[PDB]
Amino acid sequence: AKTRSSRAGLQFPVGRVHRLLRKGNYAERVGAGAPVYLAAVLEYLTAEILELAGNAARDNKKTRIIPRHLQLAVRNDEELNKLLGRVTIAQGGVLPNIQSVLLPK
Amino acid sequence: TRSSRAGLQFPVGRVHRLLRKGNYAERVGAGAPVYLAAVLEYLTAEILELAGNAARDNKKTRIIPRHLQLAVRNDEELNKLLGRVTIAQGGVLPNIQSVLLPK
Amino acid sequence: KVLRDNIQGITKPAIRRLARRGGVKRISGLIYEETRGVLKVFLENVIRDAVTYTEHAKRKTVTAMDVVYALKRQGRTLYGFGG
Amino acid sequence: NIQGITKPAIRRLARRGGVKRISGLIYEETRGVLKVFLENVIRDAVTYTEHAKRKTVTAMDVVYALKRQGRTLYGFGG
Amino acid sequence: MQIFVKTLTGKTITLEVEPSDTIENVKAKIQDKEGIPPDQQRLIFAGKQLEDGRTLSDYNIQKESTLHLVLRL
Amino acid sequence: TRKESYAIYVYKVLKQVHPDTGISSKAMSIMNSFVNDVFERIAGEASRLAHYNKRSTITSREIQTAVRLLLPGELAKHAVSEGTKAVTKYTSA
Amino acid sequence: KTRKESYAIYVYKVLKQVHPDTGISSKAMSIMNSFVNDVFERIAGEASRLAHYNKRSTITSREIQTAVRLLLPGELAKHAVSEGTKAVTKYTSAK
Amino acid sequence: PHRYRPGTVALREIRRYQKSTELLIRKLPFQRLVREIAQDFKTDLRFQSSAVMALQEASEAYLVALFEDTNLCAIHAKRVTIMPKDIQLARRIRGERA
Amino acid sequence: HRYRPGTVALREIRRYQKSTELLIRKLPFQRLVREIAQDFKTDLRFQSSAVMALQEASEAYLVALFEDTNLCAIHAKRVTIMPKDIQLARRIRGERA
DNA sequence: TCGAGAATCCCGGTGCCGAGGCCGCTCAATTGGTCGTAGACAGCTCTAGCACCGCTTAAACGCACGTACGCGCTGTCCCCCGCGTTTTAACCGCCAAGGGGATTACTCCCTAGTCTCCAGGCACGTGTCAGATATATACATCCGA
DNA sequence: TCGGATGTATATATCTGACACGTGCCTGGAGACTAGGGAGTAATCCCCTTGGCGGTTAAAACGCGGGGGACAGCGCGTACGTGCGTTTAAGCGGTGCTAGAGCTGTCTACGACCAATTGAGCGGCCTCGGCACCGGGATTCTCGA
């Protein structure tokens with residue numbers, strides 16, 4: 001196993017994260033365990049979001065993913081919505097909610 | 001010294017050392033601390049003048065956090081600068097709704 | 001070329017459609033002016049921030065990335081244009 | 001314990017705001033919202049003092065936790 | 001520089017004020033040219049209830065401005 | 001000129017999760033921006049905590065505390081479990 | 001004992017300069033110290049972010065001026081830049 | 001002569017525009033307004049198209065959120081129609097200067 | 001004799017909003033803080049200044065929320081606050097889900 | 001409108017402890033100076049923003065008409081408010097003990113830094129099918145006799 | 001409660017431009033080794049927190065008369081939704097053209113380190129005057145008549 005990412009069985013890169021952390025003036029010195037942890041967290045979050053989006057896209061009998069599916073997946077999950085409570089997504093749209101009293105009787 | 005040359009009160013050297021050791025950037029120029037000290041001194045002088053006027057209004061001689069709160073909340077711009085903040089022992093401004101007043 | 005009285009470009013049906021997306025049913029005939037004013041002040045703030053940002057850049061063209069920076073500064077960051 | 005916040009005390013606290021009349025359920029509503037607020041604040045403070053590797057909660061930890069939520073405080077060295 | 005103030009009666013009266021002119025002085029002007037005591041005069045510009053003592057330059061009230069007034073008995 | 005991004009890695013993760021689903025360009029840009037934002041937030045919080053604690057080196061512990069700080073409860077638990085598993089796997093060899 | 005550092009003497013000098021006969025309390029000192037630290041932190045952070053943002057590894061007067069124009073509101077921003085440039089030109093006049 | 005009762009077509013538009021995802025305001029008037037606004041701060045400024053698009057998206061999101069909060073306030077007041085006072089009240093409670 | 005309702009209420013409004021002291025009793029607040037911190041960890045020790053700071057922050061937050069509730073209540077053409085006003089203010093503020 | 005009673009503010013006197021000033025001392029801010037590189041400048045090169053002309057048509061503006069909804073007036077019934085009496089626990093003041101925070105001194109090992117070598121990802125290029133358009137039809141829904 | 005006219009979801013051809021994939025290469029990442037400063041560990045001290053007991057008194061709790069306020073019902077006159085016809089500017093499709101963003105080479109002034117030095121800033125003491133507390137009197141609303 002030559003590449004560092006292959007050592008930990010991870011998909012996200014490790015050298016790129018290490019270099020970005022070093023050149024990002026975050027600290028005087030950095031350890032040898034930070035990049036793997038950060039890459040694992042990022043990969044987990046991306047996998048969660050991607051699987052939500054894939055399920056949403058499948059629910060609409062399509063094949064490719066469009067920003068509306070991402071908006072639906074993000075706004076249909078409570079904790080993910082709270083994480084992005086102050087973020088606007090392009091072309092996402094809104095959730096189809098109508099106030100009950102406005103409906104005809 | 002260096003603050004004497006610029007005719008300022010705040011220390012240039014302390015600001016320079018804090019900027020250098022606060023890893024904000026790889027290197028810093030020689031014109032930064034003077035500007036920062038001047039800005040800080042202007043802001044604190046404005047705040048102190050407002051607080052002193054407020055204290056002199058109430059026939060006192062010392063400044064207590066209530067005077068600082070009144071001075072900050074009275075000036076529009078200073079209020080909007082310190083929007084999401086709170087001051088200990090400050091209080092609230094004397095406002096009552098017009099409708100709540102008796103007929 | 002001088003430009004003036006452009007605020008009328010935002011037509012009444014556009015504002016009605018914008019309200020209809022939100023979920024409003026009935027609209028009074030007076031909200032258009034304050035809607036235009038709110039849009040005006042929001043645009044003024046964002047444009048001033050972007051203009052300052054590009055002025056520091058020592059250029060004469062305003063890119064979308066400066067707009068992204070200015071939007072992020074006010075705590076309303078946006079995804080979909082890079083950076 | 002939680003019911004230790006007396007009805008006259010919350011009545012006075014509201015009176016500082018400038019409200020004239022009070023209904024019956026406001027006491028319970030404020031008790032609930034105060035419970036939520038405290039839960040969050042001392043949870044953050046406990047996490048900070050956990051990483052600090054200490055058995056005592058310092059006012060600096062509370063100041064940092066308050067700042068982290070955009071509710072910074074002046075008057076305690078932070 | 002001159003502005004205008006309209007009451008709920010639809011009458012708009014010109015006010016000849018200055019940036020250094022204060023709300024106390026402007027309400028004295030309403031006293032002089034209308035006779036209404038300031039304790040009933042309540043005023044809104046841009047949805048903000050002004051106190052008495054500040055200056056117009058602080059709020060940067062532009063020329064030709066129209067303010068909204070009521071008489072609170 | 002090179003324009004670095006997180007395209008191929010996100011594509012690999014998507015292929016691993018779903019076998020027959022495709023992605024558009026705008027969605028890929030959205031994911032890249034989201035990843036960059038999350039990375040910036042975590043790194044900044046970790047650096048601030050390390051400077052608060054009077055230390056001059058960033059390690060796994062401050063990253064773990066930052067993850068416990070920002071992310072919600074169950075998300076933090078899952079993320080910390082995945083991170084500790086990854087780090088012990090890396091240090092085993 | 002720990003040699004803790006503060007801004008008490010400098011703000012005391014400023015208060016004496018602006019008002020001859022006025023006293024102050026300890027809580028006011030703590031409040032002013034915290035306010036000064038907060039403002040300095042905000043300005044320095046924004047300036048450093050912009051300096052590294054426009055592909056540069058050096059922080060000078062210019063990005064500080066831009067930040068002062070950014071966070072500070074209009075009229076006080078103009079007063080601050082005027083005071084800062086006056087101080088800078090006075091300092092560079094001598095040597 | 002078919003005459004729908006008031007509100008039915010309003011419901012139809014509400015559903016139709018909520019389902020869709022594209023923007024609503026025309027482009028050229030918005031570009032003219034943006035150029036005129038930017039004229040004051042500095043003269044002879046050239047704008048990229050993507051910047052105008054981003055401005056339009058941000059304004060769209062902000063206005064939609066404000067209208068939603070206004071509708072919430074209006075239904076709280078025991079009414080059906082929104083009024084400017086609802087806009088001012090929502091802006092005040094949100095914490096932004098009115 | 002007797003006082004008509006609404007007068008002494010205004011008297012208390014002026015008196016309390018003029019002063020600058022806290023209203024919540026210290027000991028019950030300390031007990032509640034200790035018990036609510038017992039969940040995340042046991043046998044925890046607190047400095048007094050930390051408790052004072054927590055009390056100040058909580059009081060400020062509660063006063064702000066009460067003022068917003070009063071504003072909403074008067075807007076709804078009423079004089080008495082009600083829990084629906086509290087929930088509406090919390091929802092519009094963007095904190096409650 | 002007019003009557004009095006508490007409530008509140010102003011004044012004088014007395015006592016106390018936090019702030020302003022003073023003295024001693026150690027460490028961080030000056031100062032004269034060398035050396036490497038960040039960038040200001042000159043140039044040049046190709047790209048995209050601006051102006052515009054003509055055609056098309058879907059969108060915008062103004063009008064008649066009708067209805068249902070914001071608003072004022074009336075009444076009822078009920079529920080916080082202001083007093084008065086009885087119950088209790090907060091706070092002060094003090095006394096004891098210890099354990100955990102802050103400091104110092106020693107040791108070892110983890111990472112920045114350098115060199116050499118190489119393959120992973122990016123710019124470039126190309127074939128192709130997923131989905132938008134257009135068309136036609138059957139099912140769901142809404143107003144009124 | 002029903003039925004016709006309307007709008008909406010469903011099925012189907014089709015043609016295209018965005019998307020997945022093959023290729024070359026070059027610049028960043030990995031193997032190997034050093035060297036030292038930062039962090040971990042072990043004692044040691046003493047300061048702040050926890051604990052408990054007596055009192056006293058101000059605050060808290062409970063009950064009652066009652067007048068003001070929330071809420072529902074009715075009447076109305078207008079402001080906005082809906083449909084139609086008329087006007088008009090947005091959008092699309094090419095065409096020119098020049099200002100200016102972006103990359104390259106230079107050489108030059110500006111900032112980091114290091115060695116000797118000192119005085120500005122911090123800790124401990126004190127003393128006294130500004131502020132807190134109490135008694136007393138003047139004023140003013142505020143509810144009844």
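Cut-offs used in this document
- Here, residue numbers run from 1 along each chain following its sequence as written; these need not agree with the numbering used in the entry, and residues that have no coordinates do not appear.
- Starting at A for chains and at 1 for ligands, labels are handed out in the order in which the entities are written.
- Processing note: side-chain calculations cover all non-hydrogen atoms of the structure and skip hydrogens and water entirely.
- Runs of H or I in DSSP of at least four residues are treated as helices and runs of E of at least two as strands, each being numbered from the N terminus.
- Only C-alpha atoms enter the radius of gyration, while the globule expectation follows 2.2 Å times N to the 0.38, with N the number of residues.
- The buried label goes to any residue with under 20% of its type's maximum accessible area, the exposed label to any with over 50%, and the partly exposed label to all in between, with areas taken from a 1.4 Å probe on protein chains only.
- Should any heavy atoms of two residues lie within 4.5 Å, those residues are counted as being in contact.
- Computed with the Shrake-Rupley method and a 1.4 Å probe, the accessible areas treat only the protein chains shown as cover for residues.
- Note that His is not counted, nor are the chain ends; the positive residues are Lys and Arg, and the negative ones are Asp and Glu.
- For charged residues, the charge sits on one atom: NZ in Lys, CZ in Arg, CG in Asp, CD in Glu.
- A molecule or strand has a residue near it when one of that residue's heavy atoms lies within 4 Å.
- Here a polar contact is taken to be a pair of N or O atoms separated by no more than 3.5 Å, where protein atoms must pair a possible hydrogen donor with a possible acceptor and residues adjacent in sequence count only if both atoms sit in side chains.
- Paired strands, in this sense, are two strands between which DSSP finds at least two bridges.
- Between the rings of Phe, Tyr and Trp (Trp by its six-membered ring), a pair exists once the centres lie within 6.5 Å; its type follows the angle of the planes, with under 30 degrees stacked, over 60 edge-to-face, and the other angles tilted.
- Only when the NZ of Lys or the CZ of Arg is both within 6 Å of the ring centre and within 35 degrees of the ring normal is a charge said to sit over the ring.
- The length a helix should cover is 1.5 Å for every residue beyond the first.
- Any residue outside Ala, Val, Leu, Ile, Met, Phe, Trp, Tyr, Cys, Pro, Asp, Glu, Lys and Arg is labelled polar, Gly included; the first ten of those are nonpolar and the last four are charged.
- Throughout, the accessible surface (probe 1.4 Å) given up by two parts as they are put together, summed over both, is called the buried area.
- The term salt bridge refers to a pairing of a side-chain nitrogen on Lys or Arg with a carboxyl oxygen on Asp or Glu at a separation within 4 Å.

Method of determination, as annotated in the archive: cryo-EM, at 3.41 Å resolution.

Draft legend 1. Main features of the overall build of chain A. For chain A, the helix and strand inventory stands at five helices and two strands. Ordering the α and β elements of chain A from the N terminus gives α-α-α-β-α-α-β. Here the C-alpha atoms of chain A give a radius of gyration of 19 Å, more than 25% beyond the 13 Å that 2.2 N^0.38 yields for 105 residues. Taken along its principal axes, the extent of the C-alpha atoms in chain A is 65 × 30 × 20 Å. When the 105 residues of chain A are sorted by exposure, 47% land in the buried category. Contacts in chain A between residues at least 24 apart in sequence constitute 30% of all its contacts with a sequence separation of at least 6. Summed over all atoms, the accessible surface of chain A reaches about 5900 Å², with 47% contributed by carbon and sulfur. Taking the average location of the 17 positive side-chain charges in chain A and that of its 8 negative ones, the two points are 11 Å from each other.

Draft legend 2. A look at the protein's contact with DNA strand K. As a structural note, the neighbourhood of DNA strand K is formed by 63 residues, with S28 and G29 of chain C, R3 of chain G together with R4 and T7 of chain I the closest of them. Close to the protein, within 4 Å, the atoms of DNA strand K are drawn from sugar and phosphate at a rate of 98%. In this structure, a phosphate oxygen belonging to DNA strand K sits 3.1 Å away from a main-chain N or O atom of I27 of chain C. Within the side chain of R4 of chain I, one N or O atom sits 2.3 Å away from a phosphate oxygen of DNA strand K. At three residues, helix α2 (residues 27-41) of chain H tops the list of elements feeding residues into the surface near DNA strand K.

Draft legend 3. Expanded view of the pairing of strand β4 (residues 66-71) of chain E. Residue and element names in this part refer to chain E. Both strand β1 (residues 2-7) and β4 contribute to a ladder of four bridges, which runs parallel. Bridging from a neighbouring strand, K6 pairs with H68 of β4. The sheet contact formed by strand β3 (residues 41-44) and β4 spans four bridges and is antiparallel. Across the sheet, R42 pairs through a bridge with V70, a residue of β4.

Draft legend 4. Just the packing of aromatic side chains, in detail. If you walk through the whole model with that rule in mind, you get 11 aromatic pairs over all chains. Aromatic pair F12 of chain A and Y9 of chain F: ring centres 6.3 Å apart, planes at 35°, arrangement tilted. With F12 of chain A in the loop between α1 (4-8) and α2 (15-23) and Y9 of chain F in helix α1 (residues 7-17), this pair bridges two chains. For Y9 of chain F, a relative accessible area of 12% corresponds to the buried category. An aromatic cluster is present here, built from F12 of chain A together with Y6 and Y9 of chain F joined pairwise through their rings. The positively charged end of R16 of chain H is found above the aromatic ring belonging to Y17 of chain H, 5.3 Å away from the centroid. A cation over a ring is seen here: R15 of chain I above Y16 of chain I, with NZ or CZ 4.7 Å from the ring centre.

Draft legend 5. Spotlight on helix α2 (residues 31-56) of chain C. In this model, α2 of chain C (26 residues) spans 38 Å end to end at C-alpha, consistent with the 38 Å of a helix rising 1.5 Å per residue. One or two residues past the end of α2 of chain C sits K58 of chain C, with phi positive at roughly 60°.

Draft legend 6. Representation of the protein's contact with DNA strand J. Surrounding DNA strand J, one finds 55 residues, the nearest of these being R17 of chain B, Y12 and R56 of chain G together with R5 and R26 of chain H. Within 4 Å of the protein, the contacting atoms of DNA strand J are 99% sugar and phosphate, with bases supplying the remainder. Contacts to DNA strand J include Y9 of chain F, whose side-chain N or O atom sits 3.2 Å from a phosphate oxygen. Residue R26 of chain H places a side-chain N or O atom 2.4 Å away from a sugar or linking oxygen belonging to DNA strand J. Only α1 of chain F, β1 (23-24) of chain G, β1 (46-47) of chain H together with α1 (7-18) and α2 (26-38) of chain I provide two or more residues apiece to the surface near DNA strand J. Here the residues of the surface near DNA strand J are counted per class, giving 14 nonpolar, 15 polar and 26 charged.

Draft legend 7. Representation of the interface of chain B and chain G within the structure. Chain B puts 48 residues into the contact, and the matching count from chain G is 55 residues. In total, about 5000 Å² of surface goes out of reach between chain B and chain G, with carbon and sulfur atoms giving 72% of it. Applying the counting rule to chain B against chain G returns two salt bridges. Note that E5 of chain G is salt-bridged to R14 of chain B, the shortest N-O span being 2.8 Å. Linking chain B to chain G there are 11 residue pairs in polar contact. The set of elements that each furnish at least two residues to the side of chain B that touches chain G consists of α1 (3-6), α2 (12-21), β1 (27-28), α3 (32-57), β2 (62-63), α4 (65-74) and α5 (76-81) of chain B. A per-element tally of the side of chain B that touches chain G places α3 of chain B first, with 17 residues. Split by residue class, the side of chain B that touches chain G holds 30 nonpolar, eight polar and 10 charged.

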